Structure formats: structure tokens, C-alpha cells
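Chemist: My questions all concern the structure below.
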Amino acid sequence: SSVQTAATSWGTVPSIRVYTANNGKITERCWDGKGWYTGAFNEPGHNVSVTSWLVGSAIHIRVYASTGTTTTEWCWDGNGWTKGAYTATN
Amino acid sequence: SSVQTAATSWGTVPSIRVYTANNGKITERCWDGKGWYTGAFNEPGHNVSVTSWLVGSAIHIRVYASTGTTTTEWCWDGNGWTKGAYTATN
Amino acid sequence: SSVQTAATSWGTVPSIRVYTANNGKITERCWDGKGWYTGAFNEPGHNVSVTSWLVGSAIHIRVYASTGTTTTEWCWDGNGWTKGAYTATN
Ligand SMILES: OC[C@@]1(O)OC[C@@H](O)[C@@H](O)[C@@H]1O
Ligand SMILES: OC[C@@]1(O)OC[C@@H](O)[C@@H](O)[C@@H]1O
Ligand SMILES: OC[C@@]1(O)OC[C@@H](O)[C@@H](O)[C@@H]1O
Ligand SMILES: OC[C@@]1(O)OC[C@@H](O)[C@@H](O)[C@@H]1O
Ligand SMILES: OC[C@@]1(O)OC[C@@H](O)[C@@H](O)[C@@H]1O
Ligand SMILES: OC[C@@]1(O)OC[C@@H](O)[C@@H](O)[C@@H]1O
């Protein structure tokens, strides 16, 4: 089984985040113009998607991690990853 | 097996749409700033991807639903989901 | 068993790019307002994700193609697809 990725970007530099689900574990690689480095994201999940939006120059990322029929939303709003209010009855 | 998701967002509130493939069916959950609810999208499919774009204040969404090697495009343009012109030789 | 897609778009026409992973081959279908056609992207991979951003009117596209634990970044920056500096630790 191949890894599964999800990717988002913002601005014109750009900044890029790539999330990889590997055997149930989702980690994050980051680009800000000067080389790829490992990010703070680390959550369980066999499938992953992501969206993001800017307010001014402040980025907001939402990552959706799925295992079985359970999708968990994870939020970045400048100060650490927190669990979001997303629910879905599957 | 796990569900598969795809997400899109627009604006600064923001608005968020999350599409989930589950056992041959794709459904949609929506956020417009005050709680999650279930959206109009409801189409068969085992894999899903999405993109969207604003034209002034008007959002357009395209959802790509695939089963086997067949991929159907569904269009939102302000009032109702309609089948799109996408084709691909697979 | 179903094919896997990823989509991105830009501008207000819009331009759309849909990437399809089918049996270890990722190919590209393009829309610019006047009908669908096949693009120049052809790379090996079992999973695909995409992000894009505009620099003025010039589009920049990053496609992340994964097989096993290897993810390769492919870069469009106006004149041909080249391999990007993305690496990970998988
Ligand atoms: O690259 C730095 C960082 O804070 O940027 C925002 C998020 O992508 C975080 O996971 C990441 O650690
Ligand atoms: O600030 C976090 C939050 O309110 O952001 C908007 C949506 O993603 C919600 O699900 C989420 O809980
Ligand atoms: O959130 C309300 C709604 O009209 O927004 C646009 C589309 O996502 C529709 O499916 C959805 O029901
Ligand atoms: O308005 C619908 C439509 O023209 O929008 C742009 C593309 O998504 C086309 O495939 C689609 O048929
Ligand atoms: O539509 C023409 C084209 O050059 O546009 C940019 C990239 O998507 C290329 O693969 C594609 O062939
Ligand atoms: O111009 C190519 C490049 O520098 O663009 C930004 C990032 O996608 C890098 O991985 C990539 O090598």
C-alpha cells in the first residue's frame, strides 16, 4: 500500500504544507522558501485531506483525518494544533 | 477500510465543504461560520476530489467522483448540482 | 480499486487541472473555458495530490506523486515539468 498525501499552499512565496498518511500515522512537511523541514502536525489516520485560508497574512489550516468511519478535524490558527468541531454520521 | 475525504474552503469566515466517500456514496458537510450541517451534494462514487473558485461573492464548486476508471464531474454554480462536461480516457 | 483524483483551479474562467492515478500512472486533463484536453503531465505514481498558486498571471503547480513510501514532487513553472526539492522521512 502506498502512502497518501494532501497538500495546501498560500501566498506567493509560497508556503506549502504536505500531509502524508503512512500506515495510520499522519505527519507534515513544510516549505517557506528556504528548504523543506518537518512540521508540528502528528495525528492518527489512514486517509487525510486539507484546506486552508488567509485572513490578512495569518494562515488557518484544517486537516481532516479519517479512520474507519470516523473523520477528525484538526485546526491550526497560529498557536498549535487543536481538535475541531467537525462531525459526520457515517 | 477507511472513508476518503476532500475539502475546500472560500472567504475569510470561512466557508468549508467536506466531501466523504463511504461505501460507494459521496456526501457533504458544510460550515459557514456557525455550526456544521449536511449539504445538498449526494452522488455515487468511491473516490472524491474537489476544487472551487470565487467570482466576486459567487462560489463555484467542482466535485470529481470516480468509480472504477470512470470519473464524473458535478457542478455547483449558485443553484443546484449539475453534471459537468469533464471526460478522461482511462 | 477505483482511480484516485486530485484537482486544482485558478483565475475566474477558471483554468482547471484534474490529475488521475490509474494503475501506477498519473495523467492530466485540462480545462481553460473551451473544452477538455490532455496535458503534458505524465509521471508514475499510485497516489496524487496537488496545489497551485498564481504569481501575477503566471501559474505554478506542485504535484505530489507517491508510490510505496516515496513521494516525488513535480513542478510546473511556465516551461516544462521538473522534479522538485521535496523529500520526506517515510
Ligand atoms: O512550519 C511551522 C509551523 O508552525 O507552520 C504552521 C503549521 O504547518 C505547523 O504544523 C508548523 O509546525
Ligand atoms: O476555530 C475552530 C473552528 O471553529 O474553526 C472553524 C471550523 O473549522 C470549526 O469546525 C472549528 O471548530
Ligand atoms: O451550504 C449550503 C450549500 O448550498 O452550499 C453550497 C453547496 O455546497 C451546497 O451543496 C450546499 O447545500
Ligand atoms: O458550468 C459547467 C462547466 O462548464 O463549468 C466548467 C467546467 O467544470 C466544465 O466541465 C463544466 O461543464
Ligand atoms: O494546458 C497547457 C499546460 O501547459 O498548462 C500547464 C500544465 O498543466 C501543463 O501540463 C499543460 O499541458
Ligand atoms: O522552483 C521549484 C521549487 O523550489 O519550488 C518550491 C518548492 O516546491 C520546491 O520543492 C521546489 O524545488
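Chemist: When you look at C:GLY33, is it away from chain B (no Cβ under 13 Å), free of Cβ contacts under 8 Å to residues at least 60 places away in the same chain and not hydroxyl-bearing (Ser, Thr, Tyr), yes or no?
Modeler: Values: away from chain B (no Cβ under 13 Å): no; free of Cβ contacts under 8 Å to residues at least 60 places away in the same chain: yes; not hydroxyl-bearing (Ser, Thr, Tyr): yes.
When the stated conditions are applied, C:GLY33 does not pass them.
Chemist: Still on this structure, I have one more. Can you tell which of B:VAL50, B:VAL18, B:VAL55 is within 13 Å of chain C (Cβ to nearest Cβ) and either surrounded by 18 or more Cβ atoms within 10 Å (Cβ to Cβ) or in contact with a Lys or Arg (Cβ under 8 Å, 6 or more places away or on another chain) (or both)?
Modeler: Just one listed residue meets the conditions, B:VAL50.
Chemist: What residue, among those in the range A:71-88 that are more than 13 Å from A:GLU43 (Cα to Cα) and of a type in the set (S, T, N, Q), is surrounded by the fewest Cβ atoms within 10 Å (Cβ to Cβ)?
Modeler: So, considering only residues that are more than 13 Å from A:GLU43 (Cα to Cα) and of a type in the set (S, T, N, Q), the one surrounded by the fewest Cβ atoms within 10 Å (Cβ to Cβ) is A:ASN79.
Chemist: Continuing with this model, one more query. For B:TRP81, are the conditions met, namely being more than 16 Å from ligand 1 (Cβ to nearest atom), in contact with a strand residue (DSSP E or B) (Cβ under 9 Å, 6 or more places away or on another chain), farther than 24 Å from A:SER52 by Cβ and not β-branched (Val, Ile, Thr)?
Modeler: On the way: more than 16 Å from ligand 1 (Cβ to nearest atom): yes; in contact with a strand residue (DSSP E or B) (Cβ under 9 Å, 6 or more places away or on another chain): yes; farther than 24 Å from A:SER52 by Cβ: yes; not β-branched (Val, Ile, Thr): yes.
In short, yes.
Chemist: Now for a separate question. Do you know which residues across the range B:1-14 are part of a loop (DSSP other than H, G, I, E, B) and over 22 Å from B:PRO44 (Cα atoms)? Walk me through it before giving the result.
Modeler: Within the range B:1-14, the subset part of a loop (DSSP other than H, G, I, E, B) is B:1-3, B:11-14.
If the condition is that a residue be part of a loop (DSSP other than H, G, I, E, B) and over 22 Å from B:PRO44 (Cα atoms), then B:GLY11, B:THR12, B:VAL13, B:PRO14 are the ones that fit.
Chemist: I'd like the residue in the range A:15-72 that is part of a strand (DSSP E or B) and among the basic types (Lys, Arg) and, out of all such residues, is farthest from C:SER52 (Cα to Cα). Let's see the steps before the verdict.
Modeler: As a first pass, look at the range A:15-72 and keep what is part of a strand (DSSP E or B): A:15-22, A:25-31, A:36-44, A:47-55, A:58-67, A:70-72.
Retained after the next criterion (residues that are among the basic types (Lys, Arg)): A:17, A:25, A:29, A:62.
Numbers: A:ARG17: 12, A:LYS25: 25, A:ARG29: 17, A:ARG62: 17 Å.
Checking each candidate, the answer is A:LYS25.
Taken together, the values in this text are just the output of simple stated rules run on the coordinates, not laboratory data. Virtual Cβ from ideal backbone geometry, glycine too; neighbours counted across all protein chains shown.
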